[PDB]
Amino acid sequence: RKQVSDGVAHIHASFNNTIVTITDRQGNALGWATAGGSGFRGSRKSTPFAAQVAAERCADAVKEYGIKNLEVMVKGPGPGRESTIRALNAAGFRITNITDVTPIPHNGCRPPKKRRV
RNA sequence: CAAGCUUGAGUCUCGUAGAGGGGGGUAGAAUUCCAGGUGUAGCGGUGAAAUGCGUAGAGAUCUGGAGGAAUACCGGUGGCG
């Protein structure tokens, strides 16, 4: 548990959940928190409020590392794309960059079939 | 039947556009898998769940590798056959 002061907030904003992982510049994870692990199951898990409290709890899992400036890498179409960024900025964090890294295949693999719901 | 004619039908000259066809090569993004680092209790999924994966360390993230398939943007009641 040494001091970093330079982190990256990897937000995995899926349709069903939101996973926030704070790593250093190299990519080694220091702490993480999810919407499902913050007391939300089912319908409450895929909400911007659950993502916000997950970003709040993940920012507390790295208080021993003393991060002052951290990057934001958003990935996924689900809710909590901007809610986690707001919850990270409100937690006393200097957001230096925000980046969308959602994977886009250049017409690669075949996706599953449509749901006849 | 015989001889014609050039307007139908073709040949030649010079260019133009095109996912037209057959063969070979190669590029990047992504999925999956394998090995390793960080890291910890969830992940995944749904109307809600459960089956399923996960403390034998999953999911997340980072690095390297393997393999196959299809070619985002261009891209368009656009083009060729």
Side-chain angles (χ1 to χ4, degrees):
Chain A
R1 313 148 319 288
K2 70 306 192 183
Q3 272 55 36
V4 198
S5 77
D6 255 358
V8 177
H10 291 107
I11 314 170
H12 181 88
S14 148
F15 276 122
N16 284 325
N17 200 341
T18 298
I19 304 177
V20 187
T21 291
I22 288 185
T23 87
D24 59 332
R25 305 286 308 188
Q26 279 67 68
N28 315 358
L30 317 167
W32 63 268
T34 60
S38 309
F40 298 94
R41 300 302 306 178
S43 172
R44 293 184 312 150
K45 203 211 319 168
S46 57
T47 54
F49 174 77
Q52 167 189 306
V53 59
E56 288 177 10
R57 287 171 36 95
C58 167
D60 173 273
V62 299
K63 63 176 293 295
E64 258 68 40
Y65 286 88
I67 303 182
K68 308 333 190 153
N69 294 26
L70 92 171
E71 202 207 358
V72 184
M73 291 206 174
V74 198
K75 159 184 299 179
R81 283 180 44 92
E82 75 142 71
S83 177
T84 60
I85 312 182
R86 289 182 170 271
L88 285 165
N89 175 252
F93 274 152
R94 180 173 246 286
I95 308 297
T96 76
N97 289 337
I98 315 177
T99 300
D100 189 316
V101 302
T102 321
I104 288 289
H106 299 356
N107 249 40
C109 280
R110 176 163 175 157
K113 54 177 188 165
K114 202 87 61 177
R115 299 174 70 242
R116 299 185 299 279
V117 286

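Numbers restart at 1 for each chain; the letters A, B, ... are given by sequence-line order, proteins then strands.
The side chain to side chain contact (heavy atoms under 4.5 Å, CB included) test with A:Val8 is passed by exactly one of A:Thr96, A:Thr23, A:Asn97: A:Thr23.
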Polar atom pairs (N or O), protein with nucleotides 64-71 of chain B, under 3.5 Å:
residue, atom, partner, partner atom, Å
B:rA70, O2', A:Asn107, O, 3.2
B:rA70, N3, A:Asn107, O, 2.8

I'd like a table of atom pairs between the protein and nucleotides 41-45 of chain B - only N or O on both sides, under 3.5 Å - with the distance next to each one.
residue, atom, partner, partner atom, Å
B:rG42, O3', A:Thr34, OG1, 3.2
B:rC43, OP1, A:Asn17, ND2, 2.7
B:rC43, OP1, A:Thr34, OG1, 2.9
B:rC43, OP1, A:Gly36, N, 3.4
B:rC43, OP2, A:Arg41, NH1, 3.0
B:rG44, OP2, A:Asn17, ND2, 3.0
B:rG44, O6, A:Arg41, NH2, 2.8
B:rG45, OP2, A:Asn16, ND2, 3.2
B:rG45, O5', A:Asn16, ND2, 3.3
B:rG45, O6, A:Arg41, NH2, 2.9
B:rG45, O6, A:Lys45, NZ, 2.7

Enumerate the protein-to-nucleotides 35-37 of chain B contacts in which both atoms are nitrogen or oxygen and the separation is below 3.5 Å.
residue, atom, partner, partner atom, Å
B:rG37, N2, A:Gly27, O, 3.2

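Nucleotides B:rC14 and B:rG18 are not base-paired: the Watson-Crick or wobble atom pairs do not both lie closer than 3.5 Å. Here B:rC43 is matched with B:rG52 as a Watson-Crick or G-U wobble partner, both contacts being under 3.5 Å. Geometry at B:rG28 and B:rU6 does not meet the Watson-Crick or G-U wobble definition with both required distances under 3.5 Å.
Side-chain contact of A:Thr102 with A:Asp100: a donor-acceptor pair under 3.5 Å is present, judged by distance alone.
In this structure A:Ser43 satisfies the side chain to side chain donor-acceptor pair (under 3.5 Å) test with no other residue, sequence neighbours excluded. For A:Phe49, the ring-ring contact (aromatic ring centres under 6.0 Å, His included) criterion is met by A:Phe40, not counting sequence neighbours. Residues that satisfy the side chain to side chain contact (heavy atoms under 4.5 Å, CB included) test with A:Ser46, not counting sequence neighbours, are absent from this structure. Taking the salt bridge (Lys or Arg N to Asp or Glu O under 4.0 Å) definition, one finds that A:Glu82 meets it with A:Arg86, sequence neighbours left out. Applying the side chain to side chain donor-acceptor pair (under 3.5 Å) rule to A:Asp6 yields no partners; only residues at least two apart in sequence or on another chain are considered.
Consecutive residues B:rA56 and B:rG57 do not stack, lacking base ring centres under 5.5 Å apart with planes under 30°. The six-membered rings of B:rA19 and its strand neighbour B:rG20 do not satisfy centres under 5.5 Å apart together with planes under 30°, so the two bases count as unstacked. For B:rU38 and B:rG39, a centre-to-centre distance below 5.5 angstrom and a plane angle below 30 degrees are both found for the six-membered base rings. Not both conditions hold for B:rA41 and B:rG42, whose six-membered rings lack centres under 5.5 angstrom apart with planes under 30 degrees, so their bases do not stack.
Side-chain heavy-atom separations under 4.5 angstrom define the hydrophobic clusters, and the remaining members of the one that includes A:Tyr65 are A:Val4, A:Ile11, A:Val20, A:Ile22, A:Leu30, A:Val62, A:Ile67, A:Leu70, A:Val72, A:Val74, A:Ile85, A:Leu88, A:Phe93, A:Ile95, A:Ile98.
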Could you tabulate the donor-acceptor pairs under 3.5 Å formed by side-chain atoms of residues 52-60 of chain A, not counting sequence neighbours?
residue, atom, partner, partner atom, Å
A:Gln52, NE2, A:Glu56, OE2, 3.4
A:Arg57, NE, A:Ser38, OG, 3.3

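Of the residues in residues 72-84 of chain A, those with a non-hydrogen atom less than 4.0 angstrom from any atom of RNA chain B are A:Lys75.
Using the sign of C1'-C2'-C3'-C4' as the criterion, B:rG22 is classed as north-puckered. Sugar pucker of B:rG18: north, as indicated by a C1'-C2'-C3'-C4' torsion of positive sign.
Counting only residues at least two apart or on different chains, no salt bridge (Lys or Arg N to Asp or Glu O under 4.0 Å) pair has a member in residues 108-117 of chain A.
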